[PDB]
Amino acid sequence: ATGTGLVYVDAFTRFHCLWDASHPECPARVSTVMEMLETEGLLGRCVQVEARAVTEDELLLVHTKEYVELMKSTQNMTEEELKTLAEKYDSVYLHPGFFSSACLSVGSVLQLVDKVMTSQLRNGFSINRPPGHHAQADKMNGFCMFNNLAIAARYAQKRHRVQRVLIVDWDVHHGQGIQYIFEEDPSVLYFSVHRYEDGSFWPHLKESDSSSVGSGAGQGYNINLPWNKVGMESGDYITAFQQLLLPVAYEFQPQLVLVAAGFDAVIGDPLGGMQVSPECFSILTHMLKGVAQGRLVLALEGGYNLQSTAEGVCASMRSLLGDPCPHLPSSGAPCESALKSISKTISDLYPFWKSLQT
Ligand SMILES: CCN(CC)Cc1ccc2cc(COC(=O)Nc3ccc(C(=O)NO)cc3)ccc2c1
Ligand SMILES: [K+]
Ligand SMILES: [K+]
Ligand SMILES: [Zn+2]
């Protein structure tokens with residue numbers, strides 16, 4: 001009842017980029033996480049939860065039937081056919097086992113949602129690949145086939161009857177797929193902090209700026225925090241949570257929190273350009289446990305330095321398990337650029353959240 005669930009299956013290693021041996025999204029990402037969780041003694045403290053394959057009806061909560069069928073057909077394609085299809089999307093590869101692994105990747109999150117919503121566990125972490133946060137209703141994107149967390153949010157609502165879900169995306173990239181899926185939906189609050197640099201950084205979208213607040217019934221329920229300088233640190237992230245995310249989260253009163261738990265903002269990542277210590281993620285995880293009765297599920301997104309990502313997962317897991325947060329050496333104060341971004345996001349979201357008004 002007070003336990004932390006962990007989902008991992010060997011199938012998560014059974015796909016890789018056939019035409020580029022240097023591709024950063026590779027099986028070692030999850031192997032190294034599991035090895036470090038074990039050597040740190042954290043794996044044995046978790047409740048191992050079985051994965052399952054997502055069903056078609058679960059996928060259809062987010063994705064179109066035509067897209068699901070096309071993705072299913074990739075399991076029977078030749079390498080040349082896989083490459084031709086992958087080239088129709090941005091930043092994607094395909095492999096004959098990609099679809100099977102992607103189905104287990106979604107299902108791993110759903111299994112944890114079941115355990116957490118029924119109070120059989122307190123919280124949990126899926127150690128899954130492929131990632132999900134860029135996947136869209138009818139498109140692969142950014143190493144993603146199916147939108148793991150968007151499916152999990154709608155599943156929590158349909159199966160477990162949850163009214164409000166908060167999705168917190170701390171991967172260094174903007175989860176535009178999640179934003180698009182819930183753009184008009186006030187029942188799923190999406191918060192993303194991400195490198196932006198005025199669009200210079202992938203995925204180069206105007207709608208990754210803080211002016212994209214959602215639309216229609218969803219106006220105010222999409223919150224982007226774009227960083228416009230590299231080198232952000234733990235104090236920048238903690239300050240963003242203290243000034244912006246936590247006040248809104250308590251006002252929103254979510255009944256489940258899902259985290260797009262990428263670790264490409266950790267120091268040493270080859271792509272992220274940030275300098276966040278792995279230990280920061282103990283604090284950020286702790287800061288999210290005070291809403292939704294602690295019903296908190298993390299799912300792996302990006303993160304490409306094998307050691308940095310494994311250290312970030314372990315730091316998050318220590319907090320899920322209830323270990324006291326470490327002291328961080330830095331003061332917690334944000335740099336000027338981070339403060340500028342936080343203030344601008346608050347300015348854009350002020351009209352929709354009493355907890356931000358001054
Ligand atoms: C020899 C020097 N190069 C190494 C090969 C450096 C280099 C740096 C950045 C590159 C960026 C792109 C654009 O494409 C993406 O960045 N894609 C992408 C990345 C991460 C995630 C993710 O983690 N999301 O959460 C999603 C999508 C393409 C090529 C690049 C090459
Ligand atoms: K993000
Ligand atoms: K939304
Ligand atoms: Zn990323």
# chains A, B, ... in the order shown; residues from 1 in each chain; ligands from 1
>>> residues_near_ligand(ligand="ligand 2", cutoff="10 Å", atoms="only C-alpha atoms and all ligand atoms", output="list in words")
residues 133, 168, 169, 170, 171, 172, 173, 174, 175, 176, 190, 191, 192, 193, 194, 195, 208, 224, 225, 226, 259, 260, 261, 262, 263, 264, 265, 301 and 302 of chain A
>>> write_last_selection(atoms="C-alpha atoms", output="PDB file, in the first residue's frame")
ATOM      1  CA  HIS A 133       5.847  12.778 -25.225  1.00  0.00           C
ATOM      2  CA  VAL A 168       4.574  17.578 -15.546  1.00  0.00           C
ATOM      3  CA  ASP A 169       7.170  17.340 -18.329  1.00  0.00           C
ATOM      4  CA  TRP A 170      10.736  17.998 -17.155  1.00  0.00           C
ATOM      5  CA  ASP A 171      12.467  16.491 -20.191  1.00  0.00           C
ATOM      6  CA  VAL A 172      14.668  19.147 -21.816  1.00  0.00           C
ATOM      7  CA  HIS A 173      12.454  19.087 -24.943  1.00  0.00           C
ATOM      8  CA  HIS A 174       8.930  20.409 -25.297  1.00  0.00           C
ATOM      9  CA  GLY A 175       6.363  17.609 -25.341  1.00  0.00           C
ATOM     10  CA  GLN A 176       4.387  19.192 -28.165  1.00  0.00           C
ATOM     11  CA  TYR A 190       0.067  20.195 -19.126  1.00  0.00           C
ATOM     12  CA  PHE A 191       3.208  21.863 -17.744  1.00  0.00           C
ATOM     13  CA  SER A 192       6.466  21.717 -19.723  1.00  0.00           C
ATOM     14  CA  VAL A 193       9.838  23.258 -18.899  1.00  0.00           C
ATOM     15  CA  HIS A 194      12.199  22.983 -21.852  1.00  0.00           C
ATOM     16  CA  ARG A 195      15.131  24.442 -23.731  1.00  0.00           C
ATOM     17  CA  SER A 208       6.625  26.032 -27.465  1.00  0.00           C
ATOM     18  CA  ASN A 224       5.189  26.324 -21.223  1.00  0.00           C
ATOM     19  CA  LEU A 225       8.368  27.498 -19.490  1.00  0.00           C
ATOM     20  CA  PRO A 226      10.974  28.042 -22.250  1.00  0.00           C
ATOM     21  CA  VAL A 259       5.642  12.937 -15.009  1.00  0.00           C
ATOM     22  CA  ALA A 260       7.313  12.908 -18.431  1.00  0.00           C
ATOM     23  CA  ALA A 261      10.555  11.965 -16.707  1.00  0.00           C
ATOM     24  CA  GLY A 262      13.277  12.731 -19.190  1.00  0.00           C
ATOM     25  CA  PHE A 263      16.827  13.249 -17.992  1.00  0.00           C
ATOM     26  CA  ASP A 264      18.327  15.153 -20.911  1.00  0.00           C
ATOM     27  CA  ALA A 265      18.534  18.294 -18.743  1.00  0.00           C
ATOM     28  CA  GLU A 301      11.187   9.995 -21.730  1.00  0.00           C
ATOM     29  CA  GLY A 302      14.578  11.239 -22.990  1.00  0.00           C
TER      30      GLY A 302
END
>>> residues_around(residues="residue 227 in chain A", least_positions_apart="3", cutoff="12 Å", atoms="only C-alpha atoms", output="MDAnalysis selection string")
chainID A and resid 170 172:174 192:201 208:210 224 230:233 236:237 240 265 272:274 334:345
>>> select_by_dssp(residues="range 54-200 of chain A", states="helix (DSSP H, G or I)", output="VMD selection string")
chain A and resid 56 to 59 65 to 76 79 to 86 98 to 117 148 to 158 176 to 182 197 to 199
>>> select_by_dssp(residues="range 171-291 of chain A", states="strand (DSSP E)", output="VMD selection string")
chain A and resid 188 to 195 222 to 227 256 to 261
>>> write_last_selection(atoms="C-alpha atoms", output="short mmCIF file (atom, residue, chain, number, x, y, z; two decimals), in the first residue's frame")
data_model
loop_
_atom_site.label_atom_id
_atom_site.label_comp_id
_atom_site.auth_asym_id
_atom_site.auth_seq_id
_atom_site.Cartn_x
_atom_site.Cartn_y
_atom_site.Cartn_z
CA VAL A 188 -5.62 17.66 -18.19
CA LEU A 189 -3.20 20.41 -17.16
CA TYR A 190 0.07 20.20 -19.13
CA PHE A 191 3.21 21.86 -17.74
CA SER A 192 6.47 21.72 -19.72
CA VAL A 193 9.84 23.26 -18.90
CA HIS A 194 12.20 22.98 -21.85
CA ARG A 195 15.13 24.44 -23.73
CA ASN A 222 -1.28 24.57 -20.98
CA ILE A 223 1.85 26.06 -19.39
CA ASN A 224 5.19 26.32 -21.22
CA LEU A 225 8.37 27.50 -19.49
CA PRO A 226 10.97 28.04 -22.25
CA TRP A 227 14.65 28.48 -21.37
CA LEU A 256 -3.26 11.97 -10.48
CA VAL A 257 0.16 13.35 -11.42
CA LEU A 258 2.02 11.91 -14.41
CA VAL A 259 5.64 12.94 -15.01
CA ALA A 260 7.31 12.91 -18.43
CA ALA A 261 10.55 11.97 -16.71
#
>>> residues_around(residues="range 99-116 of chain A", least_positions_apart="2", cutoff="7 Å", atoms="only C-alpha atoms", output="PyMOL selection string")
chain A and resi 5+7+11-12+51-54+71-72+74-75+97+118-124+126+128-130+145-146+148+152+156+295+297+299
>>> closest_atom_pairs(of="chain A", to="ligand 3", cutoff="7 Å", atoms="only C-alpha atoms and all ligand atoms", output="Markdown table")
| residue | atom | partner | partner_atom_place_in_ligand_line | distance |
| --- | --- | --- | --- | --- |
| A:179 | CA | ligand 3 | 1 (K) | 6.6 |
| A:182 | CA | ligand 3 | 1 (K) | 4.3 |
| A:183 | CA | ligand 3 | 1 (K) | 4.8 |
| A:184 | CA | ligand 3 | 1 (K) | 6.0 |
| A:185 | CA | ligand 3 | 1 (K) | 4.6 |
| A:186 | CA | ligand 3 | 1 (K) | 5.2 |
| A:187 | CA | ligand 3 | 1 (K) | 6.7 |
| A:188 | CA | ligand 3 | 1 (K) | 4.9 |
| A:189 | CA | ligand 3 | 1 (K) | 4.6 |
| A:190 | CA | ligand 3 | 1 (K) | 5.3 |
| A:214 | CA | ligand 3 | 1 (K) | 6.1 |
| A:218 | CA | ligand 3 | 1 (K) | 5.4 |
| A:221 | CA | ligand 3 | 1 (K) | 4.3 |
| A:222 | CA | ligand 3 | 1 (K) | 4.8 |
>>> write_last_selection(atoms="C-alpha atoms", output="tab-separated table (two decimals), in the first residue's frame")
chain	number	residue	atom	x	y	z
A	179	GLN	CA	0.26	19.90	-25.67
A	182	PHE	CA	-4.91	18.34	-24.59
A	183	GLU	CA	-4.89	21.85	-26.17
A	184	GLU	CA	-8.65	22.36	-25.69
A	185	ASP	CA	-9.02	20.16	-22.59
A	186	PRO	CA	-9.24	21.80	-19.12
A	187	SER	CA	-9.29	18.40	-17.40
A	188	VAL	CA	-5.62	17.66	-18.19
A	189	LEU	CA	-3.20	20.41	-17.16
A	190	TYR	CA	0.07	20.20	-19.13
A	214	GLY	CA	-4.39	26.41	-24.55
A	218	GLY	CA	-8.67	24.60	-22.35
A	221	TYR	CA	-4.48	24.69	-18.91
A	222	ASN	CA	-1.28	24.57	-20.98
>>> closest_residue(among="A:309, A:215, A:32, A:331", to="ligand 4", atoms="only C-alpha atoms and all ligand atoms")
A:309
>>> closest_residue(among="A:212, A:31, A:39, A:305", to="ligand 1", atoms="only C-alpha atoms and all ligand atoms")
A:305
